[PDB]
Amino acid sequence: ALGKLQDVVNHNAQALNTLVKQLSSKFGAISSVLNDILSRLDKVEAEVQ
Amino acid sequence: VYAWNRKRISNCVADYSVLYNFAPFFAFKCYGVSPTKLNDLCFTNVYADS
Amino acid sequence: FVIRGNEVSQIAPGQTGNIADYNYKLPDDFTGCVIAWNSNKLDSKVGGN
Amino acid sequence: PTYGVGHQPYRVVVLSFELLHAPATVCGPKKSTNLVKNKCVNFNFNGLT
């Protein structure tokens, strides 16, 4: 019955979950993990990634 | 080059700073990694193709 | 100063190695120029310099 | 003298530049013009353009 309120809740939850899932994107870098970039590369190339 | 040699490196401690003493090369050319970082890393296996 | 060729890459900001760590360290915010040239004819000897 | 280029000696000169702040004492071979006021001009003060 309470579709609109549930829709508000669901939209908020979906937006937050999408924000969290975006942290696994590489965006053109070698890795989506900062720790891997910092442990595998020197200062300058790590800064680029 | 058509019959290039492949050697497997496994179950050993690899000091990559001493490679400079074995051949008179000017520098490494590394992809996905930096030479100075190679001593802080671990690998399942290494392959050396010559 | 004088080094060997395979250490020339160490004369640069944000580098690691024997020369960079223990002999000559450039700052990370270095602004300047590096000029390295081969000096085999002047700094080498048959018995070893 | 028989070593490979990676093991041969290299002479290195590093030029470090200090920019802005205190008054400049090292300058390029640039001739100074007159100081024109009250007009829209291009200006070059010690490299600050």
Side-chain angles (χ1 to χ4, degrees), chain C, chain D:
Chain C
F1 50 83
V2 158
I3 48 172
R4 40 154 69 97
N6 61 21
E7 288 159 353
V8 167
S9 67
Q10 293 193 45
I11 313 302
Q15 288 294 296
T16 298
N18 270 353
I19 301 307
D21 297 341
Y22 302 154
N23 299 265
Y24 189 79
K25 180 65 178 173
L26 282 182
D28 281 317
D29 44 74
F30 170 74
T31 176
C33 299
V34 179
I35 294 108
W37 67 98
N38 191 292
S39 65
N40 199 30
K41 295 167 188 173
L42 311 162
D43 296 323
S44 289
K45 292 181 183 179
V46 181
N49 195 320
Chain D
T2 61
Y3 283 1
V5 297
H7 294 158
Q8 281 172 25
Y10 276 69
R11 287 185 173 193
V12 185
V13 172
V14 182
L15 300 175
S16 298
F17 305 112
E18 288 175 347
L19 279 60
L20 289 176
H21 58 281
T25 36
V26 186
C27 285
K30 196 73 169 300
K31 268 161 280 292
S32 287
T33 78
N34 281 349
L35 171 57
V36 173
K37 300 176 182 176
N38 295 298
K39 311 271 166 283
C40 176
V41 298
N42 298 300
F43 57 82
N44 179 354
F45 285 94
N46 292 355
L48 179 157
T49 50

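Order of the sequence lines fixes the chain letters, A, B, ..., with proteins taken first and strands second; residue numbering starts at 1 for each chain. What's counted below: heavy atoms across the whole structure, side chains too, no hydrogens, waters or symmetry copies.
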Worked verdict on D:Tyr3 versus C:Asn40 for side-chain contact (heavy atoms from CB on, under 4.5 Å): CA-CA 9 Å; D:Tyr3 283 1; C:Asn40 199 30; 6.0 Å; no
Audit row: C:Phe30, D:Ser16, side-chain contact (heavy atoms from CB on, under 4.5 Å) steps and yes/no: CA-CA 8 Å; C:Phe30 170 74; D:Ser16 298; 3.4 Å; yes
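- Contacts of C:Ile3 with chain D are made by both backbone and side-chain atoms, with heavy-atom separations under 4.5 Å.
- If you run side-chain contact (heavy atoms from CB on, under 4.5 Å) between D:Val12 and each of C:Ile19, C:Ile35, C:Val34, only C:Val34 comes through.
- With rounding to the nearest 0.5 angstrom, the CZ atom of D:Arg11 is 5.0 Å from the CG atom of C:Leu42.
- Remark: side-chain polar atoms of C:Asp43 are not paired, donor with acceptor, to backbone N or O of D:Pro9 under 3.5 angstrom.
- The line from OG1 of C:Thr31 to CZ of D:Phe17 is 7.5 Å long, rounded to the nearest 0.5 Å.
- Using a 4.5 Å cut-off between heavy atoms, C:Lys41 makes no contact with chain D at all.
- Ranked by heavy-atom pairs under 4.5 Å with chain D, the list C:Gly48, C:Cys33, C:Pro27 is led by C:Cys33.
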